[PDB]
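Colleague: Below is run_23.pdb; it holds PDB, C-alpha atoms and all ligand atoms.
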MODEL        1
ATOM      1  CA  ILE A   1     134.358 185.220  70.903
ATOM      2  CA  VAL A   2     133.287 188.050  73.326
ATOM      3  CA  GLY A   3     134.154 187.629  77.045
ATOM      4  CA  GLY A   4     135.931 184.343  76.427
ATOM      5  CA  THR A   5     139.295 182.959  77.469
ATOM      6  CA  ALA A   6     142.184 181.299  75.609
ATOM      7  CA  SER A   7     141.845 177.595  74.841
ATOM      8  CA  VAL A   8     144.830 175.290  75.382
ATOM      9  CA  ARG A   9     146.393 173.191  72.623
ATOM     10  CA  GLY A  10     144.294 170.038  71.993
ATOM     11  CA  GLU A  11     141.290 171.251  74.031
ATOM     12  CA  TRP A  12     138.796 171.277  71.085
ATOM     13  CA  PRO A  13     140.293 168.710  68.593
ATOM     14  CA  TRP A  14     137.204 168.784  66.306
ATOM     15  CA  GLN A  15     137.644 172.581  65.782
ATOM     16  CA  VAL A  16     139.019 173.615  62.381
ATOM     17  CA  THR A  17     139.927 176.975  60.794
ATOM     18  CA  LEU A  18     138.727 177.216  57.212
ATOM     19  CA  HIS A  19     140.957 179.478  55.089
ATOM     20  CA  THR A  20     140.454 181.046  51.617
ATOM     21  CA  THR A  21     143.737 181.413  49.540
ATOM     22  CA  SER A  22     142.577 184.082  47.037
ATOM     23  CA  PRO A  23     143.939 186.728  46.584
ATOM     24  CA  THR A  24     145.826 186.029  49.871
ATOM     25  CA  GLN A  25     145.427 183.362  52.591
ATOM     26  CA  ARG A  26     143.033 184.302  55.427
ATOM     27  CA  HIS A  27     140.747 182.666  57.989
ATOM     28  CA  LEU A  28     137.173 182.678  56.679
ATOM     29  CA  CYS A  29     135.131 180.494  59.107
ATOM     30  CA  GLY A  30     135.170 177.902  61.838
ATOM     31  CA  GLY A  31     134.077 174.293  61.280
ATOM     32  CA  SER A  32     133.864 170.893  63.054
ATOM     33  CA  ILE A  33     135.319 167.487  62.139
ATOM     34  CA  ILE A  34     132.331 165.069  62.165
ATOM     35  CA  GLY A  35     133.855 162.218  60.153
ATOM     36  CA  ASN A  36     137.095 160.981  58.598
ATOM     37  CA  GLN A  37     136.397 163.010  55.390
ATOM     38  CA  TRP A  38     133.742 165.466  56.583
ATOM     39  CA  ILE A  39     133.593 169.012  58.036
ATOM     40  CA  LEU A  40     130.284 170.470  59.312
ATOM     41  CA  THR A  41     130.058 174.284  58.940
ATOM     42  CA  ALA A  42     127.672 177.216  58.078
ATOM     43  CA  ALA A  43     126.192 177.582  54.555
ATOM     44  CA  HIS A  44     126.662 181.418  54.782
ATOM     45  CA  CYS A  45     130.495 180.985  54.790
ATOM     46  CA  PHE A  46     130.363 180.309  51.052
ATOM     47  CA  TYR A  47     128.639 183.595  50.052
ATOM     48  CA  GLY A  48     131.825 184.811  48.281
ATOM     49  CA  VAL A  49     132.916 181.270  47.192
ATOM     50  CA  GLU A  50     132.339 179.928  43.624
ATOM     51  CA  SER A  51     134.515 176.761  43.930
ATOM     52  CA  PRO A  52     136.153 174.610  46.700
ATOM     53  CA  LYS A  53     139.590 175.079  44.937
ATOM     54  CA  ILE A  54     140.337 178.214  47.040
ATOM     55  CA  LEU A  55     139.711 176.446  50.401
ATOM     56  CA  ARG A  56     142.180 174.971  52.939
ATOM     57  CA  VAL A  57     141.058 173.188  56.170
ATOM     58  CA  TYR A  58     143.494 173.311  59.113
ATOM     59  CA  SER A  59     143.068 170.981  62.157
ATOM     60  CA  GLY A  60     145.103 171.073  65.428
ATOM     61  CA  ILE A  61     145.534 174.844  65.352
ATOM     62  CA  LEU A  62     145.912 176.902  68.550
ATOM     63  CA  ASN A  63     147.386 180.132  67.034
ATOM     64  CA  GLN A  64     146.520 181.504  63.525
ATOM     65  CA  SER A  65     150.198 182.750  63.442
ATOM     66  CA  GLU A  66     151.475 179.128  63.737
ATOM     67  CA  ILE A  67     150.144 178.405  60.176
ATOM     68  CA  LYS A  68     153.173 178.419  57.887
ATOM     69  CA  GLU A  69     154.023 177.072  54.395
ATOM     70  CA  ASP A  70     154.889 173.587  55.762
ATOM     71  CA  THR A  71     151.845 173.315  58.134
ATOM     72  CA  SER A  72     149.736 170.399  56.853
ATOM     73  CA  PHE A  73     146.133 170.991  55.778
ATOM     74  CA  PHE A  74     143.290 169.315  53.902
ATOM     75  CA  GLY A  75     141.931 170.203  50.467
ATOM     76  CA  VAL A  76     138.160 170.358  49.796
ATOM     77  CA  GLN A  77     136.622 168.186  47.033
ATOM     78  CA  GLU A  78     133.022 169.350  47.442
ATOM     79  CA  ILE A  79     130.846 171.947  49.190
ATOM     80  CA  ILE A  80     127.331 170.685  50.070
ATOM     81  CA  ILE A  81     124.947 173.531  50.976
ATOM     82  CA  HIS A  82     121.440 172.708  52.296
ATOM     83  CA  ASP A  83     119.122 173.185  49.222
ATOM     84  CA  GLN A  84     116.634 175.299  51.312
ATOM     85  CA  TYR A  85     119.378 177.773  52.416
ATOM     86  CA  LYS A  86     118.901 181.470  51.438
ATOM     87  CA  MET A  87     120.325 183.545  54.335
ATOM     88  CA  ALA A  88     121.471 182.857  57.950
ATOM     89  CA  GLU A  89     118.482 184.805  59.489
ATOM     90  CA  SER A  90     116.043 182.401  57.701
ATOM     91  CA  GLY A  91     117.705 179.119  58.830
ATOM     92  CA  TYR A  92     119.052 176.053  56.959
ATOM     93  CA  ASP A  93     122.477 177.566  57.709
ATOM     94  CA  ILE A  94     124.385 174.287  57.332
ATOM     95  CA  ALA A  95     127.024 172.984  54.901
ATOM     96  CA  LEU A  96     129.251 169.927  54.563
ATOM     97  CA  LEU A  97     132.805 170.002  53.245
ATOM     98  CA  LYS A  98     133.990 166.703  51.741
ATOM     99  CA  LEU A  99     137.770 166.601  52.171
ATOM    100  CA  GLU A 100     140.127 165.630  49.288
ATOM    101  CA  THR A 101     141.749 163.023  51.644
ATOM    102  CA  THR A 102     140.812 161.269  54.935
ATOM    103  CA  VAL A 103     141.802 162.524  58.421
ATOM    104  CA  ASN A 104     144.011 160.284  60.650
ATOM    105  CA  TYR A 105     142.581 160.691  64.119
ATOM    106  CA  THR A 106     145.125 161.803  66.749
ATOM    107  CA  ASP A 107     145.168 163.867  69.933
ATOM    108  CA  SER A 108     145.168 167.033  67.780
ATOM    109  CA  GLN A 109     142.395 166.092  65.257
ATOM    110  CA  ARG A 110     139.353 163.968  66.267
ATOM    111  CA  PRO A 111     135.617 164.066  65.382
ATOM    112  CA  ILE A 112     132.822 165.341  67.613
ATOM    113  CA  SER A 113     129.688 163.129  67.890
ATOM    114  CA  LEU A 114     126.449 164.418  66.403
ATOM    115  CA  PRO A 115     123.605 164.775  68.972
ATOM    116  CA  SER A 116     121.433 161.658  69.335
ATOM    117  CA  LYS A 117     117.976 161.991  67.712
ATOM    118  CA  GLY A 118     116.593 160.670  71.050
ATOM    119  CA  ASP A 119     118.126 163.732  72.810
ATOM    120  CA  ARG A 120     116.119 166.145  70.537
ATOM    121  CA  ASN A 121     114.452 167.842  73.570
ATOM    122  CA  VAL A 122     117.443 167.827  75.996
ATOM    123  CA  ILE A 123     118.266 171.302  77.357
ATOM    124  CA  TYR A 124     122.083 170.912  77.673
ATOM    125  CA  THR A 125     123.690 172.756  80.654
ATOM    126  CA  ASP A 126     127.417 172.481  79.788
ATOM    127  CA  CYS A 127     127.791 174.290  76.398
ATOM    128  CA  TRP A 128     130.800 176.065  74.972
ATOM    129  CA  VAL A 129     131.289 178.269  71.876
ATOM    130  CA  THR A 130     134.803 178.380  70.323
ATOM    131  CA  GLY A 131     136.623 180.319  67.629
ATOM    132  CA  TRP A 132     139.132 182.928  66.458
ATOM    133  CA  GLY A 133     136.427 185.595  66.021
ATOM    134  CA  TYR A 134     136.352 189.265  67.179
ATOM    135  CA  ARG A 135     136.292 190.035  70.957
ATOM    136  CA  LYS A 136     134.078 193.133  70.209
ATOM    137  CA  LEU A 137     132.173 194.380  67.073
ATOM    138  CA  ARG A 138     135.025 196.524  65.678
ATOM    139  CA  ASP A 139     138.076 194.296  66.059
ATOM    140  CA  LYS A 140     140.143 191.748  64.167
ATOM    141  CA  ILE A 141     140.513 187.948  64.136
ATOM    142  CA  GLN A 142     142.081 186.647  67.352
ATOM    143  CA  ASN A 143     145.419 184.864  67.084
ATOM    144  CA  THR A 144     144.595 182.334  69.848
ATOM    145  CA  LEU A 145     141.506 180.076  69.799
ATOM    146  CA  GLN A 146     138.989 181.430  72.376
ATOM    147  CA  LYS A 147     136.293 179.622  74.362
ATOM    148  CA  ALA A 148     133.241 180.803  76.360
ATOM    149  CA  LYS A 149     130.731 178.776  78.380
ATOM    150  CA  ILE A 150     127.245 180.000  77.406
ATOM    151  CA  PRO A 151     123.708 178.899  78.625
ATOM    152  CA  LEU A 152     121.053 177.721  76.155
ATOM    153  CA  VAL A 153     117.921 179.888  75.862
ATOM    154  CA  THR A 154     114.529 178.195  75.085
ATOM    155  CA  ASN A 155     112.944 178.722  71.636
ATOM    156  CA  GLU A 156     110.022 180.612  73.266
ATOM    157  CA  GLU A 157     112.328 183.152  74.991
ATOM    158  CA  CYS A 158     114.593 183.441  71.916
ATOM    159  CA  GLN A 159     111.515 184.161  69.682
ATOM    160  CA  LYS A 160     110.554 186.978  72.117
ATOM    161  CA  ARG A 161     114.071 188.590  71.681
ATOM    162  CA  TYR A 162     113.886 188.219  67.876
ATOM    163  CA  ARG A 163     110.300 189.380  67.172
ATOM    164  CA  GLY A 164     111.201 190.544  63.608
ATOM    165  CA  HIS A 165     112.397 186.972  62.785
ATOM    166  CA  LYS A 166     110.973 183.465  62.709
ATOM    167  CA  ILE A 167     112.960 181.419  65.316
ATOM    168  CA  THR A 168     112.101 177.819  64.367
ATOM    169  CA  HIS A 169     112.915 174.557  66.202
ATOM    170  CA  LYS A 170     115.706 174.205  63.521
ATOM    171  CA  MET A 171     117.538 177.004  65.424
ATOM    172  CA  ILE A 172     118.908 177.008  68.975
ATOM    173  CA  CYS A 173     119.835 180.116  70.947
ATOM    174  CA  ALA A 174     122.482 180.696  73.597
ATOM    175  CA  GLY A 175     123.460 183.695  75.711
ATOM    176  CA  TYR A 176     123.275 185.329  79.151
ATOM    177  CA  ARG A 177     120.271 187.698  79.669
ATOM    178  CA  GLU A 178     122.704 190.447  80.750
ATOM    179  CA  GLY A 179     124.944 189.838  77.653
ATOM    180  CA  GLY A 180     128.768 189.769  77.882
ATOM    181  CA  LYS A 181     129.621 186.333  76.378
ATOM    182  CA  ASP A 182     128.852 185.402  72.753
ATOM    183  CA  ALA A 183     130.292 184.389  69.398
ATOM    184  CA  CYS A 184     131.182 187.364  67.129
ATOM    185  CA  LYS A 185     132.531 188.075  63.559
ATOM    186  CA  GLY A 186     134.892 185.230  62.461
ATOM    187  CA  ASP A 187     133.358 182.549  64.746
ATOM    188  CA  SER A 188     130.592 181.454  62.343
ATOM    189  CA  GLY A 189     130.545 177.842  61.098
ATOM    190  CA  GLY A 190     132.260 176.749  64.309
ATOM    191  CA  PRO A 191     130.780 174.459  66.973
ATOM    192  CA  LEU A 192     128.492 175.009  69.940
ATOM    193  CA  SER A 193     129.827 171.917  71.839
ATOM    194  CA  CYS A 194     127.844 170.476  74.780
ATOM    195  CA  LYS A 195     129.100 167.815  77.226
ATOM    196  CA  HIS A 196     126.222 165.386  78.056
ATOM    197  CA  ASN A 197     126.869 162.231  80.185
ATOM    198  CA  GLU A 198     130.683 162.872  79.736
ATOM    199  CA  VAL A 199     130.310 162.797  75.886
ATOM    200  CA  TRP A 200     130.787 165.970  73.754
ATOM    201  CA  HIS A 201     128.011 166.534  71.152
ATOM    202  CA  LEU A 202     127.859 169.061  68.315
ATOM    203  CA  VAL A 203     124.628 170.772  69.430
ATOM    204  CA  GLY A 204     124.934 173.958  67.341
ATOM    205  CA  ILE A 205     126.718 175.662  64.433
ATOM    206  CA  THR A 206     127.533 179.397  65.079
ATOM    207  CA  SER A 207     125.238 181.255  62.722
ATOM    208  CA  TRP A 208     124.056 184.868  63.486
ATOM    209  CA  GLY A 209     122.979 187.420  66.110
ATOM    210  CA  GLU A 210     121.840 191.030  66.594
ATOM    211  CA  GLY A 211     125.210 192.605  67.390
ATOM    212  CA  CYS A 212     127.551 190.610  69.708
ATOM    213  CA  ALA A 213     126.947 189.723  73.388
ATOM    214  CA  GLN A 214     124.235 192.415  73.784
ATOM    215  CA  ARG A 215     121.768 192.163  76.674
ATOM    216  CA  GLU A 216     118.680 190.026  75.773
ATOM    217  CA  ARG A 217     120.064 189.273  72.284
ATOM    218  CA  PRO A 218     121.328 185.637  72.413
ATOM    219  CA  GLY A 219     123.452 184.129  69.636
ATOM    220  CA  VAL A 220     121.520 182.031  67.090
ATOM    221  CA  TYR A 221     122.880 178.614  66.085
ATOM    222  CA  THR A 222     121.765 175.937  63.594
ATOM    223  CA  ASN A 223     120.126 173.188  65.751
ATOM    224  CA  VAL A 224     122.222 170.222  64.530
ATOM    225  CA  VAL A 225     119.907 167.478  65.950
ATOM    226  CA  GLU A 226     117.194 168.647  63.447
ATOM    227  CA  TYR A 227     119.633 167.919  60.577
ATOM    228  CA  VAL A 228     120.956 164.415  61.591
ATOM    229  CA  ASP A 229     118.988 162.704  58.735
ATOM    230  CA  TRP A 230     120.221 165.358  56.222
ATOM    231  CA  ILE A 231     123.874 164.825  57.374
ATOM    232  CA  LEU A 232     123.661 160.974  57.253
ATOM    233  CA  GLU A 233     122.022 161.107  53.747
ATOM    234  CA  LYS A 234     124.676 163.528  52.332
ATOM    235  CA  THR A 235     127.676 161.673  53.906
ATOM    236  CA  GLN A 236     126.275 158.159  52.915
TER
HETATM  237  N1  LIG B 301     140.078 187.249  58.051
HETATM  238  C1  LIG B 301     139.061 187.951  58.587
HETATM  239  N2  LIG B 301     139.220 189.195  59.040
HETATM  240  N3  LIG B 301     138.010 189.647  59.491
HETATM  241  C2  LIG B 301     137.036 188.718  59.333
HETATM  242  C3  LIG B 301     135.671 188.753  59.604
HETATM  243  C4  LIG B 301     134.897 187.621  59.344
HETATM  244  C5  LIG B 301     133.427 187.686  59.452
HETATM  245  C6  LIG B 301     132.589 188.756  59.535
HETATM  246  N4  LIG B 301     131.328 188.244  59.668
HETATM  247  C7  LIG B 301     131.424 186.895  59.688
HETATM  248  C8  LIG B 301     130.284 185.924  59.801
HETATM  249  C9  LIG B 301     129.320 186.040  58.603
HETATM  250  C10 LIG B 301     129.973 185.756  57.269
HETATM  251  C11 LIG B 301     129.606 186.480  56.142
HETATM  252  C12 LIG B 301     130.195 186.221  54.915
HETATM  253  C13 LIG B 301     131.149 185.230  54.792
HETATM  254  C14 LIG B 301     131.525 184.503  55.900
HETATM  255  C15 LIG B 301     130.941 184.762  57.130
HETATM  256  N5  LIG B 301     129.568 186.003  61.074
HETATM  257  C16 LIG B 301     130.141 185.484  62.180
HETATM  258  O1  LIG B 301     131.290 185.037  62.159
HETATM  259  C17 LIG B 301     129.343 185.549  63.426
HETATM  260  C18 LIG B 301     128.179 186.153  63.653
HETATM  261  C19 LIG B 301     127.475 186.126  64.946
HETATM  262  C20 LIG B 301     127.105 184.867  65.435
HETATM  263  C21 LIG B 301     126.444 184.766  66.642
HETATM  264 CL1  LIG B 301     125.967 183.191  67.216
HETATM  265  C22 LIG B 301     126.131 185.885  67.387
HETATM  266  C23 LIG B 301     126.470 187.140  66.900
HETATM  267  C24 LIG B 301     127.161 187.277  65.698
HETATM  268  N6  LIG B 301     127.349 188.579  65.146
HETATM  269  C25 LIG B 301     126.566 189.668  65.083
HETATM  270  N7  LIG B 301     127.222 190.664  64.558
HETATM  271  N8  LIG B 301     128.468 190.186  64.314
HETATM  272  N9  LIG B 301     128.568 188.942  64.671
HETATM  273  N10 LIG B 301     132.686 186.521  59.558
HETATM  274  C26 LIG B 301     135.514 186.471  58.840
HETATM  275  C27 LIG B 301     136.867 186.445  58.558
HETATM  276  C28 LIG B 301     137.649 187.578  58.777
HETATM  277  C1  LIG B 302     150.362 182.278  70.481
HETATM  278  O1  LIG B 302     150.374 183.667  70.126
HETATM  279  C2  LIG B 302     150.520 184.560  71.240
HETATM  280  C3  LIG B 302     150.370 185.965  70.697
HETATM  281  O2  LIG B 302     149.112 186.158  70.054
HETATM  282  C4  LIG B 302     151.871 184.315  71.908
HETATM  283  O3  LIG B 302     151.938 185.115  73.085
HETATM  284  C5  LIG B 302     152.038 182.843  72.287
HETATM  285  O4  LIG B 302     153.376 182.610  72.725
HETATM  286  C6  LIG B 302     151.704 181.906  71.118
HETATM  287  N1  LIG B 302     151.552 180.541  71.600
HETATM  288  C7  LIG B 302     152.059 179.455  70.999
HETATM  289  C8  LIG B 302     151.736 178.142  71.647
HETATM  290  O5  LIG B 302     152.733 179.526  69.972
ENDMDL
END
Here is a file; write its structure as structure tokens.

Modeller:
Amino acid sequence: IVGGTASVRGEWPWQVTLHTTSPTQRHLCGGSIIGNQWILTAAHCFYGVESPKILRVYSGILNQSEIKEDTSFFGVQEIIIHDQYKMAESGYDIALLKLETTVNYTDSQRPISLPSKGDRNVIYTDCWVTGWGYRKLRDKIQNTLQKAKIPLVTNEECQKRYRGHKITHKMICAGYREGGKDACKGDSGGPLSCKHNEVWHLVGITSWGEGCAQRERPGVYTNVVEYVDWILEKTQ
């Protein structure tokens, strides 16, 4: 996260860090708890992944350094990638992880509600992007979970900034016109969480952008509301 600030323990209890264990254990992507056995994340996270056997899902994490041998985690049974997915820049950047066991909801690990299909056209004004991603393009994964409040940009304006792309209504953009606050490398798959009528909704999934936090180049997120039927069908 560029231009963000440190989160506090328990501030984003749906946030997970998805780790790969081969050849060594490392953070790969962010993700969101959406159900007792389900993580919502980006399809592009699995580009170098042939099987879910190398994945570990960690909930309740503040610092990456707090993850030790005895820290509990969840195994992944199945990776469900949207069948129309090809590359982040072309959309359908969404994946479900079915956990090997169910999550016991606590203060440290809770689900985030999906947006309501009736709220399809709401332009949310209290949106936050979170993750352990880079603070600038040439950096490293942050130890402490970062957060940044970012405004949503309309599809029409976002399409004007990304003229060499097709920005569909299945994408949602967020960023300041002057730049300065954005997701960056290591944040993908994580949530764009918006508080609407005192309820947090998973409005976006961190997907891609032209550089990080550049002026007139907002971050591009998978527009979760457009995938509610797909999520309900895949999770039964
Ligand atoms: N352990 C690790 N060390 N270093 C690491 C680096 C990464 C990494 C590098 N790159 C990424 C992913 C893409 C990816 C590719 C292959 C496998 C998994 C993930 N992208 C993102 O995270 C975010 C992109 C982004 C999003 C928005 Cl809304 C706006 C602007 C953005 N950017 C523009 N230019 N950069 N970002 N992840 C992960 C783990 C580690
Ligand atoms: C988290 O890590 C930072 C260093 O990156 C350290 O200063 C801080 O004490 C750690 N916090 C907790 C809660 O362990």

Colleague: Name the residues that the PyMOL selection byres (((chain A and resi 91) around 10) and not hetatm) picks from the file above, as a VMD selection string, using the file's chain letters and numbers.

Modeller: chain A and resid 43 82 84 to 90 92 to 94 166 to 171 207 to 208 220 to 223

Colleague: Counting all atoms listed in the file, what residues are within 9 Å of ligand LIG 302 (chain B), given as a PyMOL selection string?

Modeller: chain A and resi 8-9+62-66+142-144

Colleague: Output the selection as a short mmCIF file (atom, residue, chain, number, x, y, z; two decimals), in the coordinates of the input - C-alpha atoms for each residue.

Modeller:
data_model
loop_
_atom_site.label_atom_id
_atom_site.label_comp_id
_atom_site.auth_asym_id
_atom_site.auth_seq_id
_atom_site.Cartn_x
_atom_site.Cartn_y
_atom_site.Cartn_z
CA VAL A 8 144.83 175.29 75.38
CA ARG A 9 146.39 173.19 72.62
CA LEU A 62 145.91 176.90 68.55
CA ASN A 63 147.39 180.13 67.03
CA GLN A 64 146.52 181.50 63.52
CA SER A 65 150.20 182.75 63.44
CA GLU A 66 151.48 179.13 63.74
CA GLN A 142 142.08 186.65 67.35
CA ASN A 143 145.42 184.86 67.08
CA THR A 144 144.60 182.33 69.85
#

Colleague: Which one of A:15, A:115, A:6, A:110 sits closest to residue 229 in chain A if you count all atoms listed in the file?

Modeller: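 For residue 229 in chain A, the nearest of the candidates is A:115.
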
Colleague: In Å, how far is it from CA of residue 78 in chain A to CA of residue 20 in chain A?

Modeller: 14.5 Å

Colleague: Please find the residues contacting ligand LIG 301 (chain B) at a distance of at most 8 Å between atoms, with all atoms listed in the file counted, and report them as an NGL selection string.

Modeller: :A and (26-29 or 44-48 or 133-134 or 137 or 140-141 or 173-174 or 182-189 or 206-213 or 218-221)

Colleague: Run the PyMOL selection byres (((chain A and resi 25) around 12) and not hetatm) mentally over the shown coordinates, then write out the matched residues as a list in words, using the chain letters and numbers from the document.

Modeller: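 After applying the PyMOL selection byres (((chain A and resi 25) around 12) and not hetatm), what remains is residues 17, 18, 19, 20, 21, 22, 23, 24, 26, 27, 28, 54, 55, 56, 57, 64, 65, 67, 68 and 69 of chain A.
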
Colleague: Which is closer to residue 10 in chain A than all the others in A:79, A:147, A:230, A:61, using all atoms listed in the file?

Modeller: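 So, comparing all the options, the nearest one is A:61.
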
Colleague: So, counting all atoms listed in the file, which residue among A:42, A:80, A:158, A:33 is closest to residue 59 in chain A?

Modeller: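 Comparing A:42, A:80, A:158, A:33 against residue 59 in chain A, the winner is A:33.
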
Colleague: Taking all atoms listed in the file into account, name the residue in A:113, A:77, A:106, A:101 that is nearest to residue 200 in chain A.

Modeller: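 Closest to residue 200 in chain A, using all atoms listed in the file: A:113.
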
Colleague: I'd like the interatomic distance between CA of residue 4 in chain A and CA of residue 196 in chain A, to a tenth of an Å.

Modeller: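 Atom-to-atom, CA of residue 4 in chain A to CA of residue 196 in chain A, that is 21.4 Å.
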